[PDB]
Structure formats: C-alpha cells, structure tokens
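A.B. asks: Below is a structure I'd like to ask you about.
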Amino acid sequence: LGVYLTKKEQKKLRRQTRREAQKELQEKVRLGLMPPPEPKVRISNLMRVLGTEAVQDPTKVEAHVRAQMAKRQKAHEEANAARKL
Amino acid sequence: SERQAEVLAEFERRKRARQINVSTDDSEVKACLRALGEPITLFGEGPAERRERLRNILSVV
Amino acid sequence: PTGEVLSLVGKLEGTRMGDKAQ
Amino acid sequence: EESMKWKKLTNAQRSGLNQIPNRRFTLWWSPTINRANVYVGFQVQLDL
Amino acid sequence: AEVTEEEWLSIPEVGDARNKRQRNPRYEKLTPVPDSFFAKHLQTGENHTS
Amino acid sequence: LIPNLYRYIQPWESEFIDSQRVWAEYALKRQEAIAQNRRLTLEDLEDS
Amino acid sequence: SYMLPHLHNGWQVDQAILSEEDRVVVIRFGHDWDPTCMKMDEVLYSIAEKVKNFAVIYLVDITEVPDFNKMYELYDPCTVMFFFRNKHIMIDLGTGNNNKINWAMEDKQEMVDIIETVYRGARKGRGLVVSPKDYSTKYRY
RNA sequence: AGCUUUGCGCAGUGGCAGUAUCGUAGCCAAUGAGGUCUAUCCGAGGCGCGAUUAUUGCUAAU
RNA sequence: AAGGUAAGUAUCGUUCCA
C-alpha cells in the first residue's frame, strides 16, 4: 500500500510544480508560441498603468480594463464549470 | 524565409522528458542503462547527473 | 595680522567674565 | 548625495562622499583662500 | 627531526569557526532616523504661558 | 579683536547669588498669586 | 611577503602586466627582507584573497630584476605600482610623487580602498586617479 | 436530498510584509529536534554551507 | 628643497641610436 508524505514535502512538491509550470511558460513565451503576458490591471491600477493613455479616451480604457477583468473572471468560472462533476 | 527550426522540437522533448518516470535507484539507473547500452557513468559524472542523463536518453526511445 | 591664535594669558588686565554679557 | 547616503555603497565611495560639503565650503570662500597674500608662491592658471 | 614522514601528511587543515551569518553578513541597510524625532525635538522646545 | 567666549559666560558666584535672589522673587510673586487667585504669566517673569 | 607570488626576471613582470585585462596588477617592487617592505608585504598578504576579483599581486626583487630601476625610479626602499591593461595607472596622493606609493602603510582597509579606487578609475579609462585619503601629513596629533 | 468538518489540489478577490525567501545525491533528528520562565515539565525540526536586488522573471524607458 | 605633474589624441621639427 501507499504512504502519506508529510506537509513539508507537500509544500515542497507544490512549489516544484508551480516553479516548473512558471519556467515552462516563460521558456515558451521566450520562444514566442504565446504573446508576452500583458500586465494584469485593475481599477486601482487603471491610472498607474494606462493613465497617460487613459486621459485621451477614459471610457474606452475603462471598458478595456473591465473587459480584461471579465475575461479573467470568465476563465475562472468556466474552468470551474469544466472541472464541475 | 523557411522555418529551418527544430528548436520547438527541443522544447517539446524537454517537456515530455520532464514528465518521464526515472527510478531514484542508481542500481535501476544502471540496470536500465545496460538494458539500452549506455555506460554506468562518464568521467566525473555523479549520481544526480547520472539520473538526468538517463532521463534525457529515454526521452527518445 | 597672522591667523594664529594668541594666548590671552596676560590679556585679562581690564576684562571680566560677566562684562559685555548681560 | 542625500539619496546616495542610503544606497548600497562600498566604503571607497562613502569616504569620498562625506567630503562633498568640504568642496562647497572651499568654493564659498574661494576669493579669500585663493589669494596672493595667503599661500605665497607662484601661480598657475586653469587650462581652459 | 623525529616526526614520521606520514605524520606530516596527516596534518589537519584548520577551518573557520564562525557561521555564514557572522563571517559573511548580508549588507546591512542604513536607513534614516524616523521623522518623529524632528517633530519631537521642536515640540520639546515650546513652552506654556502660565 | 575677535570676542572671546571668556566674556560671555556669567561667573558661578553671580549665577548663584542671582539664583537665590530670583527664586526669592518668584516665591514672593507666587504666594501673592495664591491670594489674588490667578496663574502667573510670561509678562511677570520676563524680568527674571 | 613570502606567500605572494614572486617574479624572477624581467620578462616575467612584463608578462604579468600583459597577461591580465580585467583586474589591476599591483606590483610591490623592493626587497622582501627590508623592514619597510616586510611591513606592507603582510598588508598585501591580508588582502590578497579579498581583492581577488579586481586585483592580482606580484612581488619583484629589484636586485633580481634590475631592469626597471632607472625607468620607474626604484630607489626608495619600497614601491607599489598599479597597472591596468598594460597601462601604468597614475594615482594622486598627498605626497609629491604621483606614480607610486613609496612608503609602507599599516591599515588593511586603506590599501583595498586605494586598489578599488584605481580599478574604478581604470574601468572609465583614466590615467590618473585620485585617492580618497590625503597623505600630505600623517594625521598623528 | 441537502447541511457540515478536515486535509490536499486548481483558480479568483482582497489585505499585509520584503532584515527575508529558497535550496540540503551536507549532517543529525519522535530510538527525541530544541528548551528563558513553569522542568518528574515541555516537545519539532535544527545545524553547516550555497544562491540573493534580503525570492525570481519578463515588458518599459534612459 | 619640497608636500603645487590633469590625464590624452594629433601632424611637424630634431637628434641619438637599431
């Protein structure tokens, strides 16, 4: 029968998996199979990131950041739906 | 203007090999190597890189 | 004339500590 | 220099940085220190 | 003169006793004094009237 | 002549006798304030 | 003194100046038996490992190598010369002589100070660097 | 049928700290690591070394 | 007598010397 590895190696293995995924993603992006990650922006970061470009057309910029928020939330919700039993 | 690039093949073989089971036993390591025909070790090739070489070799077959 | 500091030993004949400080 | 005061500096830079106030002092009294009456001797002009 | 030829080969290489956190400290950040001192110094220099 | 610090610090003798006198003045100026029912002020004690 | 690498003939010191590009060559010309030279050939010992990244120290006995006495004025008992990419880096001290440190000092921090200053001024591409400390006196009092 | 507990995963939102995170084919360790209160009690990691912009990446200017 | 050389890049002249 199997054995139950302890919480220390639980955290260690989780860290290995996440670092593995991050490095693989970064190597793929350096290759260019996906575009470089666009900076995740919120309402609080709206004028920090895009403010200079957000002065000219503020409503377009807030629409774009809210679209990014909606895309993230939709990715989460449909990820749960795909993982739904 | 041609592709002339197999580097994507290098990334895909790396990502497949990273998900390839390798025994944590040097004995098994060397047993599998003798099964395929690779040497037990190279000059100054310790155990960690022995296992890594085993992984890199069974990435093909 | 020189910038060297002269010892005021022997220069205290007509001065007091509390004078010119009221 | 006040920003440099907190940055990670090797002691070589810090030794030559604490004397910045000694240069503005020399400039502020240059018409007196750089004089012929004091510092008797020959004179040399700057190249430019 | 009466030390064996192997005993000179058996001399131990001495090493440092202190640990990494005392042999090779990470650079010590030198931050300014909290500005509450600048306020307190002038606060102490104000008197009452009665 | 550059003024020397020697002439700008009161002697201890004068300071002690003046301390006695000034504290006597303050005591006389405070016990009266008890009877007159008011707190002291900078105006009274500026001379001291 | 005896621990630092030694150069025996004229070709070796020129090669040691030439065989390096990314550090500073600090050569202690003099006689390792001199009381003056032995005073600072232990300071150069105590910092040889510390400055390994940007400095290499060679020792030269002028009697063993009588080829640079006339050209570099090797007549003070002890001399220190800094070279960068086959270029003598002049250094401005408090003393009148601005090509060498012809006296043996005592503090292991000041010599690393001078070596690092020389390296910093040599990466820029200068020929004369300025020392942090002033040696127009001895700060004794 | 729901309700609900706990651990482990995947993501999401938000807060907080960058004098700290991380490695351990180095060593020792519940057959006891480590002990200042309280010790016929306490009782889990510790040490040494290495990486370091006191975790690490891109994008962005100069 | 000092502690007072900015370090350089150029053509030109000269001279010893190989």
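FYI, nothing fancy with the structure tokens labels: chains A, B, ... in order, residues from 1 per chain, ligands from 1 as they appear.
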Among range 5-72 of chain A, which residues does DSSP mark as alpha helix (DSSP H) when it is run on the backbone? Keep the chain and numbering as in the structure and answer as JSON, numbers by chain.

C.D. replies: {"A": [7, 8, 9, 10, 11, 12, 13, 14, 15, 16, 17, 18, 19, 20, 21, 22, 23, 24, 25, 26, 27, 28, 29, 30, 31, 46, 47, 48, 49, 51, 52, 53, 54, 58, 59, 60, 61, 62, 63, 64, 65, 66, 67, 68, 69, 70, 71, 72]}

A.B. asks: Got time to write the residues from that selection, N, CA and C atoms, as a compact mmCIF listing (two decimals), in the first residue's frame?

C.D. replies:
# COMPACT_ATOMS: atom_id res chain seq x y z
N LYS A 7 3.44 17.22 5.40
CA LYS A 7 3.09 18.54 4.90
C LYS A 7 4.31 19.31 4.39
N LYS A 8 5.49 19.05 4.97
CA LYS A 8 6.70 19.72 4.49
C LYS A 8 6.96 19.38 3.03
N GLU A 9 6.95 18.09 2.69
CA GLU A 9 7.12 17.72 1.29
C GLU A 9 5.87 17.99 0.47
N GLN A 10 4.69 18.12 1.09
CA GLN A 10 3.54 18.65 0.36
C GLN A 10 3.84 20.04 -0.18
N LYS A 11 4.29 20.94 0.69
CA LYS A 11 4.63 22.29 0.26
C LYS A 11 5.78 22.28 -0.73
N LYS A 12 6.78 21.43 -0.49
CA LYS A 12 7.91 21.35 -1.41
C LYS A 12 7.47 20.91 -2.80
N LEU A 13 6.63 19.88 -2.88
CA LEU A 13 6.17 19.38 -4.18
C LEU A 13 5.27 20.39 -4.88
N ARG A 14 4.41 21.08 -4.12
CA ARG A 14 3.61 22.13 -4.73
C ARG A 14 4.49 23.23 -5.30
N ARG A 15 5.54 23.61 -4.57
CA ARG A 15 6.47 24.62 -5.07
C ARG A 15 7.19 24.13 -6.32
N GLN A 16 7.59 22.85 -6.34
CA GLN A 16 8.21 22.30 -7.54
C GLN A 16 7.26 22.38 -8.73
N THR A 17 6.00 21.99 -8.53
CA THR A 17 5.04 22.02 -9.63
C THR A 17 4.84 23.43 -10.15
N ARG A 18 4.66 24.40 -9.24
CA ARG A 18 4.41 25.77 -9.68
C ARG A 18 5.64 26.37 -10.35
N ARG A 19 6.84 26.15 -9.80
CA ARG A 19 8.04 26.67 -10.43
C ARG A 19 8.27 26.02 -11.79
N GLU A 20 8.03 24.72 -11.89
CA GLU A 20 8.09 24.01 -13.16
C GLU A 20 7.16 24.64 -14.19
N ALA A 21 5.90 24.88 -13.81
CA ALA A 21 4.95 25.49 -14.73
C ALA A 21 5.39 26.89 -15.14
N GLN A 22 5.86 27.69 -14.17
CA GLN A 22 6.28 29.05 -14.47
C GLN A 22 7.46 29.07 -15.43
N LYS A 23 8.46 28.22 -15.19
CA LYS A 23 9.62 28.19 -16.07
C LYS A 23 9.26 27.68 -17.46
N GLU A 24 8.39 26.67 -17.54
CA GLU A 24 7.95 26.19 -18.85
C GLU A 24 7.21 27.28 -19.61
N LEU A 25 6.32 28.00 -18.93
CA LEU A 25 5.60 29.10 -19.55
C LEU A 25 6.56 30.18 -20.04
N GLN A 26 7.54 30.54 -19.20
CA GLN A 26 8.48 31.58 -19.58
C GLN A 26 9.33 31.16 -20.77
N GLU A 27 9.75 29.89 -20.80
CA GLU A 27 10.51 29.39 -21.95
C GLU A 27 9.67 29.41 -23.22
N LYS A 28 8.40 29.02 -23.12
CA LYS A 28 7.53 29.07 -24.29
C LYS A 28 7.34 30.50 -24.78
N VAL A 29 7.17 31.45 -23.86
CA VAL A 29 7.00 32.85 -24.26
C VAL A 29 8.28 33.39 -24.88
N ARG A 30 9.43 32.99 -24.34
CA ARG A 30 10.70 33.39 -24.94
C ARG A 30 10.83 32.83 -26.35
N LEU A 31 10.36 31.60 -26.56
CA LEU A 31 10.22 31.09 -27.93
C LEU A 31 9.22 31.93 -28.72
N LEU A 46 -5.58 51.40 -12.79
CA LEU A 46 -6.02 51.94 -14.08
C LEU A 46 -5.19 53.14 -14.49
N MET A 47 -4.98 54.08 -13.57
CA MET A 47 -4.19 55.26 -13.86
C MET A 47 -2.70 55.06 -13.61
N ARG A 48 -2.33 53.99 -12.90
CA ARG A 48 -0.91 53.68 -12.74
C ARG A 48 -0.33 53.10 -14.01
N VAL A 49 -1.07 52.23 -14.69
CA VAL A 49 -0.57 51.53 -15.87
C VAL A 49 -0.86 52.33 -17.13
N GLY A 51 -2.71 55.34 -17.40
CA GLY A 51 -3.28 56.66 -17.16
C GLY A 51 -2.94 57.67 -18.23
N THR A 52 -1.68 57.71 -18.66
CA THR A 52 -1.28 58.65 -19.70
C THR A 52 -2.06 58.40 -20.99
N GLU A 53 -2.24 57.13 -21.35
CA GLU A 53 -3.07 56.78 -22.49
C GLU A 53 -4.56 56.79 -22.14
N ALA A 54 -4.90 56.79 -20.85
CA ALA A 54 -6.29 56.81 -20.43
C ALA A 54 -6.89 58.20 -20.35
N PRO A 58 -10.89 58.09 -21.77
CA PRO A 58 -11.05 57.38 -20.49
C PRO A 58 -12.06 56.25 -20.53
N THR A 59 -13.19 56.44 -21.22
CA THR A 59 -14.22 55.41 -21.19
C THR A 59 -13.78 54.18 -21.97
N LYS A 60 -13.05 54.37 -23.07
CA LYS A 60 -12.50 53.22 -23.80
C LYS A 60 -11.53 52.44 -22.94
N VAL A 61 -10.69 53.14 -22.17
CA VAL A 61 -9.68 52.46 -21.36
C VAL A 61 -10.34 51.71 -20.21
N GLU A 62 -11.34 52.32 -19.57
CA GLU A 62 -12.03 51.59 -18.51
C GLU A 62 -12.82 50.42 -19.07
N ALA A 63 -13.37 50.56 -20.28
CA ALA A 63 -14.02 49.43 -20.93
C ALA A 63 -13.03 48.31 -21.19
N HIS A 64 -11.82 48.65 -21.62
CA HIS A 64 -10.81 47.62 -21.88
C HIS A 64 -10.38 46.91 -20.60
N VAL A 65 -10.16 47.67 -19.52
CA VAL A 65 -9.73 47.03 -18.27
C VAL A 65 -10.86 46.19 -17.69
N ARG A 66 -12.11 46.66 -17.79
CA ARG A 66 -13.23 45.84 -17.34
C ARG A 66 -13.41 44.61 -18.22
N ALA A 67 -13.10 44.72 -19.52
CA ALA A 67 -13.12 43.55 -20.38
C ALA A 67 -12.06 42.54 -19.96
N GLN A 68 -10.87 43.02 -19.58
CA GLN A 68 -9.84 42.12 -19.08
C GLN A 68 -10.28 41.45 -17.79
N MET A 69 -10.90 42.22 -16.88
CA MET A 69 -11.45 41.64 -15.65
C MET A 69 -12.48 40.58 -15.96
N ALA A 70 -13.39 40.87 -16.89
CA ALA A 70 -14.43 39.92 -17.24
C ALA A 70 -13.84 38.68 -17.88
N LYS A 71 -12.78 38.84 -18.68
CA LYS A 71 -12.13 37.69 -19.28
C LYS A 71 -11.47 36.81 -18.22
N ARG A 72 -10.81 37.43 -17.24
CA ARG A 72 -10.22 36.66 -16.15
C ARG A 72 -11.30 35.92 -15.35

A.B. asks: Hey, what's within 6 Å of range 24-39 of chain F if we count only C-alpha atoms (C1' of nucleotides) and toss same-chain stuff fewer than 2 positions away? As a ChimeraX atom specification, please?

C.D. replies: /E:50 /F:21-22

A.B. asks: Which distance in Å separates CA of residue 66 in chain G and CA of residue 28 in chain G, to one decimal?

C.D. replies: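 We find that CA of residue 66 in chain G and CA of residue 28 in chain G lie 14.1 Å from each other.
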
A.B. asks: Pick out the residues sitting within 9 Å of residue 4 in chain D, and hand them over as a ChimeraX atom specification; count only C-alpha atoms (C1' of nucleotides), and ignore anything fewer than 4 positions along from it in its own chain.

C.D. replies: /D:8-9,14,17

A.B. asks: Need to verify the contact set: range 17-21 of chain E, 8 Å, only C-alpha atoms (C1' of nucleotides), exclusion of same-chain residues closer than 3 positions in sequence. Can you return it as a PyMOL selection string?

C.D. replies: (chain E and resi 24-26) or (chain H and resi 48-49)

A.B. asks: For residue 29 in chain G, list every protein, DNA or RNA residue within 7 Å, evaluated using only C-alpha atoms (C1' of nucleotides), and leave out those in the same chain fewer than 4 positions away; present the list as a PyMOL selection string.

C.D. replies: chain G and resi 59-62+78-80

A.B. asks: With a cut-off of 9 Å and counting only C-alpha atoms, select all residues of chain F in contact with chain E and give the selection as a ChimeraX atom specification.

C.D. replies: /F:39-42

A.B. asks: Please identify every residue of chain E that has at least one atom no more than 9 Å from any atom of chain D, counting only C-alpha atoms, and report them as an NGL selection string.

C.D. replies: :E and (27-32)

A.B. asks: Go ahead and dump the residues you just picked, N, CA and C atoms, as a short mmCIF file (atom, residue, chain, number, x, y, z; two decimals), in the first residue's frame.

C.D. replies:
data_model
loop_
_atom_site.label_atom_id
_atom_site.label_comp_id
_atom_site.auth_asym_id
_atom_site.auth_seq_id
_atom_site.Cartn_x
_atom_site.Cartn_y
_atom_site.Cartn_z
N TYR E 27 24.58 42.62 3.39
CA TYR E 27 24.87 44.03 3.61
C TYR E 27 23.80 44.68 4.48
N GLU E 28 24.24 45.41 5.50
CA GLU E 28 23.34 45.98 6.49
C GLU E 28 22.81 47.31 5.95
N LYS E 29 21.51 47.36 5.68
CA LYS E 29 20.90 48.59 5.21
C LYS E 29 20.99 49.67 6.29
N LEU E 30 21.25 50.89 5.85
CA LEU E 30 21.46 52.03 6.74
C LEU E 30 20.36 53.04 6.43
N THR E 31 19.27 52.95 7.19
CA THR E 31 18.09 53.76 6.94
C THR E 31 18.13 55.05 7.76
N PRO E 32 17.41 56.08 7.34
CA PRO E 32 17.38 57.32 8.12
C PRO E 32 16.60 57.16 9.41
#

A.B. asks: Might you pull out every residue within 7 Å of residue 7 in chain F, with only C-alpha atoms (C1' of nucleotides) counted and same-chain residues fewer than 2 positions away left off, and present them as a list in words?

C.D. replies: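 These residues fall inside the cut-off: residues 16, 17, 18, 19, 20 and 21 of chain C; 4, 5 and 9 of chain F.
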
A.B. asks: Write out the residues from the selection above, keeping C-alpha atoms, as a short mmCIF file (atom, residue, chain, number, x, y, z; two decimals), in the first residue's frame.

C.D. replies:
data_model
loop_
_atom_site.label_atom_id
_atom_site.label_comp_id
_atom_site.auth_asym_id
_atom_site.auth_seq_id
_atom_site.Cartn_x
_atom_site.Cartn_y
_atom_site.Cartn_z
CA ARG C 16 35.64 90.39 33.41
CA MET C 17 33.55 87.34 32.53
CA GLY C 18 30.14 88.92 33.10
CA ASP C 19 31.02 92.11 31.25
CA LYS C 20 29.52 92.56 27.76
CA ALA C 21 27.07 89.76 28.60
CA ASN F 4 36.36 85.61 23.29
CA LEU F 5 33.92 83.22 24.95
CA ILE F 9 29.56 83.33 30.37
#

A.B. asks: For chain H, work out the contacting residues on chain B at 9 Å, counting only C-alpha atoms (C1' of nucleotides), and write them as a PyMOL selection string.

C.D. replies: chain B and resi 46-48

A.B. asks: Do you know which residues are at most 7 Å from range 109-122 of chain G counting only C-alpha atoms (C1' of nucleotides), after dropping those on the same chain fewer than 6 positions away, and could you put them as a list in words?

C.D. replies: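 Surrounding residues, per the criterion: residues 12 of chain D; 24, 54, 84, 129 and 131 of chain G.
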
A.B. asks: What separation in Å, quoted to one decimal, exists between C1' of residue 50 in chain H and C1' of residue 17 in chain H?

C.D. replies: 25.5 Å

A.B. asks: Would you mind telling me which residue in D:26, D:38, D:13, D:21 lies nearest to chain C when using only C-alpha atoms?

C.D. replies: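 Of all the options, D:38 lies closest to chain C.
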